[PDB]
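Asks: Got coords_9.cif for you, mmCIF, N, CA and C atoms:
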data_structure
#
loop_
_atom_site.label_atom_id
_atom_site.label_comp_id
_atom_site.auth_asym_id
_atom_site.auth_seq_id
_atom_site.Cartn_x
_atom_site.Cartn_y
_atom_site.Cartn_z
N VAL E 504 -91.79 -229.89 -45.27
CA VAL E 504 -92.59 -228.91 -44.54
C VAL E 504 -93.59 -229.61 -43.63
N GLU E 505 -94.26 -230.64 -44.16
CA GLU E 505 -95.27 -231.34 -43.37
C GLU E 505 -94.66 -231.99 -42.14
N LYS E 506 -93.51 -232.65 -42.29
CA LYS E 506 -92.85 -233.25 -41.14
C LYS E 506 -92.40 -232.19 -40.14
N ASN E 507 -91.86 -231.08 -40.64
CA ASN E 507 -91.45 -229.99 -39.76
C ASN E 507 -92.60 -229.57 -38.87
N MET E 508 -93.77 -229.34 -39.45
CA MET E 508 -94.84 -228.79 -38.64
C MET E 508 -95.59 -229.88 -37.88
N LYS E 509 -95.45 -231.15 -38.28
CA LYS E 509 -95.87 -232.24 -37.41
C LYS E 509 -95.09 -232.20 -36.10
N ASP E 510 -93.76 -232.15 -36.18
CA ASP E 510 -92.97 -232.12 -34.95
C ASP E 510 -93.19 -230.82 -34.19
N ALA E 511 -93.43 -229.71 -34.90
CA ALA E 511 -93.71 -228.44 -34.24
C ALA E 511 -95.01 -228.50 -33.43
N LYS E 512 -96.07 -229.05 -34.02
CA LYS E 512 -97.33 -229.16 -33.29
C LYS E 512 -97.20 -230.15 -32.14
N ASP E 513 -96.41 -231.21 -32.33
CA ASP E 513 -96.16 -232.13 -31.23
C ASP E 513 -95.43 -231.44 -30.09
N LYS E 514 -94.50 -230.54 -30.42
CA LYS E 514 -93.83 -229.75 -29.39
C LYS E 514 -94.82 -228.87 -28.65
N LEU E 515 -95.65 -228.13 -29.39
CA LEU E 515 -96.64 -227.27 -28.73
C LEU E 515 -97.59 -228.07 -27.85
N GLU E 516 -97.89 -229.31 -28.23
CA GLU E 516 -98.72 -230.16 -27.39
C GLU E 516 -98.02 -230.50 -26.08
N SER E 517 -96.71 -230.75 -26.14
CA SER E 517 -95.99 -231.24 -24.96
C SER E 517 -95.96 -230.20 -23.85
N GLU E 518 -95.76 -228.93 -24.20
CA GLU E 518 -95.56 -227.89 -23.20
C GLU E 518 -96.87 -227.26 -22.75
N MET E 519 -97.98 -227.98 -22.91
CA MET E 519 -99.26 -227.48 -22.43
C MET E 519 -99.25 -227.28 -20.92
N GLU E 520 -98.72 -228.26 -20.18
CA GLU E 520 -98.70 -228.15 -18.72
C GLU E 520 -97.74 -227.06 -18.27
N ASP E 521 -96.54 -227.03 -18.84
CA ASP E 521 -95.52 -226.11 -18.37
C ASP E 521 -95.91 -224.66 -18.62
N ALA E 522 -96.54 -224.37 -19.77
CA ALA E 522 -96.95 -223.00 -20.05
C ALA E 522 -98.01 -222.53 -19.06
N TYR E 523 -99.00 -223.37 -18.77
CA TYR E 523 -100.01 -223.01 -17.78
C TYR E 523 -99.39 -222.81 -16.41
N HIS E 524 -98.49 -223.71 -16.01
CA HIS E 524 -97.85 -223.57 -14.71
C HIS E 524 -97.05 -222.28 -14.63
N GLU E 525 -96.32 -221.95 -15.70
CA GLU E 525 -95.54 -220.72 -15.71
C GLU E 525 -96.44 -219.50 -15.63
N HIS E 526 -97.56 -219.52 -16.36
CA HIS E 526 -98.48 -218.39 -16.31
C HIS E 526 -99.06 -218.20 -14.92
N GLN E 527 -99.48 -219.30 -14.28
CA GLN E 527 -100.06 -219.19 -12.95
C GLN E 527 -99.01 -218.75 -11.93
N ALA E 528 -97.77 -219.24 -12.06
CA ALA E 528 -96.72 -218.83 -11.15
C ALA E 528 -96.37 -217.36 -11.34
N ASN E 529 -96.37 -216.89 -12.58
CA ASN E 529 -96.11 -215.47 -12.83
C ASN E 529 -97.20 -214.62 -12.21
N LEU E 530 -98.46 -215.02 -12.36
CA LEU E 530 -99.55 -214.27 -11.74
C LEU E 530 -99.40 -214.25 -10.22
N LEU E 531 -99.09 -215.41 -9.63
CA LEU E 531 -98.92 -215.47 -8.18
C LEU E 531 -97.78 -214.58 -7.71
N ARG E 532 -96.67 -214.58 -8.45
CA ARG E 532 -95.52 -213.78 -8.03
C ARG E 532 -95.78 -212.29 -8.20
N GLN E 533 -96.49 -211.89 -9.26
CA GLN E 533 -96.86 -210.48 -9.38
C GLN E 533 -97.78 -210.06 -8.23
N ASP E 534 -98.76 -210.90 -7.90
CA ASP E 534 -99.62 -210.60 -6.77
C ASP E 534 -98.82 -210.46 -5.49
N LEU E 535 -97.87 -211.37 -5.26
CA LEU E 535 -97.11 -211.33 -4.02
C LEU E 535 -96.19 -210.11 -3.99
N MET E 536 -95.66 -209.70 -5.14
CA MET E 536 -94.89 -208.46 -5.19
C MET E 536 -95.75 -207.26 -4.80
N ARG E 537 -96.97 -207.18 -5.32
CA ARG E 537 -97.81 -206.03 -4.97
C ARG E 537 -98.19 -206.07 -3.50
N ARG E 538 -98.43 -207.27 -2.95
CA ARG E 538 -98.70 -207.38 -1.52
C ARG E 538 -97.51 -206.91 -0.70
N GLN E 539 -96.30 -207.29 -1.11
CA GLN E 539 -95.11 -206.86 -0.39
C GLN E 539 -94.95 -205.35 -0.44
N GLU E 540 -95.22 -204.74 -1.59
CA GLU E 540 -95.13 -203.29 -1.68
C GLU E 540 -96.13 -202.61 -0.75
N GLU E 541 -97.38 -203.09 -0.75
CA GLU E 541 -98.37 -202.51 0.15
C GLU E 541 -97.97 -202.68 1.60
N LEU E 542 -97.47 -203.86 1.96
CA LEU E 542 -97.07 -204.11 3.34
C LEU E 542 -95.92 -203.20 3.75
N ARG E 543 -94.95 -202.99 2.86
CA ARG E 543 -93.84 -202.10 3.18
C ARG E 543 -94.33 -200.67 3.39
N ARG E 544 -95.22 -200.20 2.52
CA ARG E 544 -95.73 -198.84 2.69
C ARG E 544 -96.48 -198.69 4.01
N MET E 545 -97.36 -199.64 4.32
CA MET E 545 -98.10 -199.57 5.57
C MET E 545 -97.17 -199.63 6.77
N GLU E 546 -96.16 -200.50 6.71
CA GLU E 546 -95.22 -200.63 7.82
C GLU E 546 -94.47 -199.34 8.07
N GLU E 547 -93.97 -198.69 7.01
CA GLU E 547 -93.21 -197.47 7.23
C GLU E 547 -94.11 -196.34 7.73
N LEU E 548 -95.33 -196.24 7.19
CA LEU E 548 -96.24 -195.20 7.67
C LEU E 548 -96.57 -195.40 9.14
N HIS E 549 -96.88 -196.65 9.53
CA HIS E 549 -97.15 -196.95 10.92
C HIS E 549 -95.94 -196.69 11.81
N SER E 550 -94.74 -196.98 11.31
CA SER E 550 -93.54 -196.74 12.10
C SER E 550 -93.37 -195.26 12.39
N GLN E 551 -93.60 -194.40 11.40
CA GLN E 551 -93.47 -192.97 11.69
C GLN E 551 -94.61 -192.48 12.58
N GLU E 552 -95.80 -193.07 12.44
CA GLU E 552 -96.88 -192.80 13.38
C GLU E 552 -96.42 -193.05 14.81
N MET E 553 -95.88 -194.25 15.05
CA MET E 553 -95.44 -194.63 16.39
C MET E 553 -94.32 -193.73 16.88
N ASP R 315 -101.68 -213.15 5.79
CA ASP R 315 -102.20 -213.68 4.53
C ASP R 315 -101.14 -213.66 3.44
N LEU R 316 -100.18 -212.73 3.52
CA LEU R 316 -99.05 -212.76 2.60
C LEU R 316 -98.20 -214.01 2.80
N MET R 317 -97.96 -214.38 4.06
CA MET R 317 -97.22 -215.61 4.33
C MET R 317 -97.99 -216.82 3.83
N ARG R 318 -99.31 -216.83 4.03
CA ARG R 318 -100.11 -217.93 3.50
C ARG R 318 -100.04 -218.00 1.98
N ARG R 319 -100.09 -216.84 1.32
CA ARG R 319 -99.99 -216.81 -0.14
C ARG R 319 -98.64 -217.34 -0.61
N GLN R 320 -97.56 -216.93 0.05
CA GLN R 320 -96.24 -217.40 -0.36
C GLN R 320 -96.09 -218.90 -0.13
N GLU R 321 -96.66 -219.42 0.96
CA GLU R 321 -96.63 -220.86 1.18
C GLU R 321 -97.43 -221.59 0.11
N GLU R 322 -98.58 -221.04 -0.28
CA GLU R 322 -99.36 -221.63 -1.36
C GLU R 322 -98.57 -221.66 -2.65
N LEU R 323 -97.89 -220.55 -2.97
CA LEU R 323 -97.06 -220.50 -4.17
C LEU R 323 -95.97 -221.56 -4.12
N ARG R 324 -95.29 -221.67 -2.98
CA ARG R 324 -94.19 -222.62 -2.86
C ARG R 324 -94.68 -224.05 -3.03
N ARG R 325 -95.78 -224.39 -2.36
CA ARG R 325 -96.28 -225.76 -2.45
C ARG R 325 -96.79 -226.07 -3.85
N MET R 326 -97.46 -225.11 -4.50
CA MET R 326 -97.93 -225.36 -5.86
C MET R 326 -96.76 -225.56 -6.81
N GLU R 327 -95.72 -224.73 -6.68
CA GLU R 327 -94.55 -224.87 -7.54
C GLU R 327 -93.88 -226.22 -7.33
N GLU R 328 -93.71 -226.61 -6.06
CA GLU R 328 -93.06 -227.88 -5.77
C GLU R 328 -93.88 -229.06 -6.29
N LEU R 329 -95.20 -229.02 -6.11
CA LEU R 329 -96.04 -230.11 -6.59
C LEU R 329 -96.01 -230.20 -8.11
N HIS R 330 -96.07 -229.05 -8.80
CA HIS R 330 -96.01 -229.10 -10.26
C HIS R 330 -94.67 -229.64 -10.74
N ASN R 331 -93.58 -229.20 -10.11
CA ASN R 331 -92.26 -229.71 -10.50
C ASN R 331 -92.18 -231.21 -10.27
N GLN R 332 -92.68 -231.68 -9.13
CA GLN R 332 -92.64 -233.11 -8.84
C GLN R 332 -93.46 -233.90 -9.85
N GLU R 333 -94.66 -233.41 -10.19
CA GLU R 333 -95.50 -234.17 -11.11
C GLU R 333 -94.94 -234.15 -12.52
N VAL R 334 -94.34 -233.04 -12.96
CA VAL R 334 -93.77 -233.04 -14.30
C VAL R 334 -92.53 -233.93 -14.37
N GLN R 335 -91.71 -233.95 -13.32
CA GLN R 335 -90.56 -234.85 -13.38
C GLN R 335 -90.99 -236.30 -13.29
N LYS R 336 -92.07 -236.59 -12.55
CA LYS R 336 -92.62 -237.94 -12.56
C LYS R 336 -93.15 -238.32 -13.94
N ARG R 337 -93.84 -237.39 -14.62
CA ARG R 337 -94.39 -237.71 -15.93
C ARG R 337 -93.30 -237.86 -16.98
N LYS R 338 -92.18 -237.14 -16.84
CA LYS R 338 -91.10 -237.29 -17.80
C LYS R 338 -90.20 -238.48 -17.48
N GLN R 339 -90.14 -238.92 -16.22
CA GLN R 339 -89.35 -240.09 -15.88
C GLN R 339 -89.88 -241.34 -16.56
N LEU R 340 -91.20 -241.49 -16.61
CA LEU R 340 -91.82 -242.66 -17.21
C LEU R 340 -91.84 -242.55 -18.73
#
Before we go any further, please render this structure as structure tokens.

Replies:
Amino acid sequence: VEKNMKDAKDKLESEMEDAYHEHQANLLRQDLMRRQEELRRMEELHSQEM
Amino acid sequence: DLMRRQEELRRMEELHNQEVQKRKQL
């Protein structure tokens, strides 16, 4: 059991960078999706205005 | 600003990928 969780904690240590990078990339992509949705709505409304 | 944001995302992703592959190569 002790060796198992030694290697388990070593694994959790290794992916410190990757987890943070994935979280930040997910936040950026969600933000960019919402920006794209707003831009599409504004574009279509302006198009019917014109 | 959306294009700027997407470029920021792309460059950050590429830099992180490059640095992690550099750190794992050694």

Asks: What do you get, as an MDAnalysis selection string, if you spell out every residue that the PyMOL selection byres ((chain E) within 7 of (chain R)) selects here?

Replies: chainID E and resid 531 535 538

Asks: What are the centre and edge lengths in Å, to one decimal, of the axis-aligned box around all listed atoms of stretch 319-333 of chain R with 6 Å added on each side, as JSON?

Replies:
{"center_x": -96.1, "center_y": -225.5, "center_z": -5.6, "size_x": 19.9, "size_y": 29.4, "size_z": 25.8}

Asks: Would you compute the distance between atom C of residue E:515 and atom N of residue E:533? Give it in Å to one decimal.

Replies: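 Interatomic distance here is 24.7 Å.
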
Asks: Kindly give the distance, in Å, that separates atom N of residue E:512 and atom CA of residue E:527, rounded to a single decimal.

Replies: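 Separating atom N of residue E:512 from atom CA of residue E:527 is a distance of 23.6 Å.
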
Asks: Would you compute the distance between atom CA of residue E:548 and atom C of residue E:536? Give it in Å to one decimal.

Replies: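 Between atom CA of residue E:548 and atom C of residue E:536 the gap is 17.4 Å.
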
Asks: Using the partial input, fill out stretch 323-337 of chain R with N, CA, C and O atoms; write the result as a PDB file, keeping the file's coordinate frame.

Replies:
ATOM      1  N   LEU R 323     -97.890-220.550  -2.970  1.00  0.00           N
ATOM      2  CA  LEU R 323     -97.060-220.500  -4.170  1.00  0.00           C
ATOM      3  C   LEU R 323     -95.970-221.560  -4.120  1.00  0.00           C
ATOM      4  O   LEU R 323     -95.742-222.281  -5.099  1.00  0.00           O
ATOM      5  N   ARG R 324     -95.290-221.670  -2.980  1.00  0.00           N
ATOM      6  CA  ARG R 324     -94.190-222.620  -2.860  1.00  0.00           C
ATOM      7  C   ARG R 324     -94.680-224.050  -3.030  1.00  0.00           C
ATOM      8  O   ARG R 324     -94.085-224.845  -3.760  1.00  0.00           O
ATOM      9  N   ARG R 325     -95.780-224.390  -2.360  1.00  0.00           N
ATOM     10  CA  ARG R 325     -96.280-225.760  -2.450  1.00  0.00           C
ATOM     11  C   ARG R 325     -96.790-226.070  -3.850  1.00  0.00           C
ATOM     12  O   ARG R 325     -96.570-227.176  -4.354  1.00  0.00           O
ATOM     13  N   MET R 326     -97.460-225.110  -4.500  1.00  0.00           N
ATOM     14  CA  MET R 326     -97.930-225.360  -5.860  1.00  0.00           C
ATOM     15  C   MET R 326     -96.760-225.560  -6.810  1.00  0.00           C
ATOM     16  O   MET R 326     -96.784-226.463  -7.652  1.00  0.00           O
ATOM     17  N   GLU R 327     -95.720-224.730  -6.680  1.00  0.00           N
ATOM     18  CA  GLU R 327     -94.550-224.870  -7.540  1.00  0.00           C
ATOM     19  C   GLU R 327     -93.880-226.220  -7.330  1.00  0.00           C
ATOM     20  O   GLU R 327     -93.525-226.909  -8.289  1.00  0.00           O
ATOM     21  N   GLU R 328     -93.710-226.610  -6.060  1.00  0.00           N
ATOM     22  CA  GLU R 328     -93.060-227.880  -5.770  1.00  0.00           C
ATOM     23  C   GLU R 328     -93.880-229.060  -6.290  1.00  0.00           C
ATOM     24  O   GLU R 328     -93.324-230.003  -6.864  1.00  0.00           O
ATOM     25  N   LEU R 329     -95.200-229.020  -6.110  1.00  0.00           N
ATOM     26  CA  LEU R 329     -96.040-230.110  -6.590  1.00  0.00           C
ATOM     27  C   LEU R 329     -96.010-230.200  -8.110  1.00  0.00           C
ATOM     28  O   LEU R 329     -95.947-231.298  -8.670  1.00  0.00           O
ATOM     29  N   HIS R 330     -96.070-229.050  -8.800  1.00  0.00           N
ATOM     30  CA  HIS R 330     -96.010-229.100 -10.260  1.00  0.00           C
ATOM     31  C   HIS R 330     -94.670-229.640 -10.740  1.00  0.00           C
ATOM     32  O   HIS R 330     -94.619-230.439 -11.677  1.00  0.00           O
ATOM     33  N   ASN R 331     -93.580-229.200 -10.110  1.00  0.00           N
ATOM     34  CA  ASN R 331     -92.260-229.710 -10.500  1.00  0.00           C
ATOM     35  C   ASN R 331     -92.180-231.210 -10.270  1.00  0.00           C
ATOM     36  O   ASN R 331     -91.673-231.954 -11.130  1.00  0.00           O
ATOM     37  N   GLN R 332     -92.680-231.680  -9.130  1.00  0.00           N
ATOM     38  CA  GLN R 332     -92.640-233.110  -8.840  1.00  0.00           C
ATOM     39  C   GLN R 332     -93.460-233.900  -9.850  1.00  0.00           C
ATOM     40  O   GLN R 332     -93.016-234.940 -10.347  1.00  0.00           O
ATOM     41  N   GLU R 333     -94.660-233.410 -10.190  1.00  0.00           N
ATOM     42  CA  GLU R 333     -95.500-234.170 -11.110  1.00  0.00           C
ATOM     43  C   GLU R 333     -94.940-234.150 -12.520  1.00  0.00           C
ATOM     44  O   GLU R 333     -95.036-235.163 -13.232  1.00  0.00           O
ATOM     45  N   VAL R 334     -94.340-233.040 -12.960  1.00  0.00           N
ATOM     46  CA  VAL R 334     -93.770-233.040 -14.300  1.00  0.00           C
ATOM     47  C   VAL R 334     -92.530-233.930 -14.370  1.00  0.00           C
ATOM     48  O   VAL R 334     -92.313-234.618 -15.375  1.00  0.00           O
ATOM     49  N   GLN R 335     -91.710-233.950 -13.320  1.00  0.00           N
ATOM     50  CA  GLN R 335     -90.560-234.850 -13.380  1.00  0.00           C
ATOM     51  C   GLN R 335     -90.990-236.300 -13.290  1.00  0.00           C
ATOM     52  O   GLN R 335     -90.375-237.176 -13.911  1.00  0.00           O
ATOM     53  N   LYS R 336     -92.070-236.590 -12.550  1.00  0.00           N
ATOM     54  CA  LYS R 336     -92.620-237.940 -12.560  1.00  0.00           C
ATOM     55  C   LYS R 336     -93.150-238.320 -13.940  1.00  0.00           C
ATOM     56  O   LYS R 336     -92.931-239.445 -14.406  1.00  0.00           O
ATOM     57  N   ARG R 337     -93.840-237.390 -14.620  1.00  0.00           N
ATOM     58  CA  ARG R 337     -94.390-237.710 -15.930  1.00  0.00           C
ATOM     59  C   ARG R 337     -93.300-237.860 -16.980  1.00  0.00           C
ATOM     60  O   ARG R 337     -93.465-238.640 -17.925  1.00  0.00           O
TER      61      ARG R 337
END
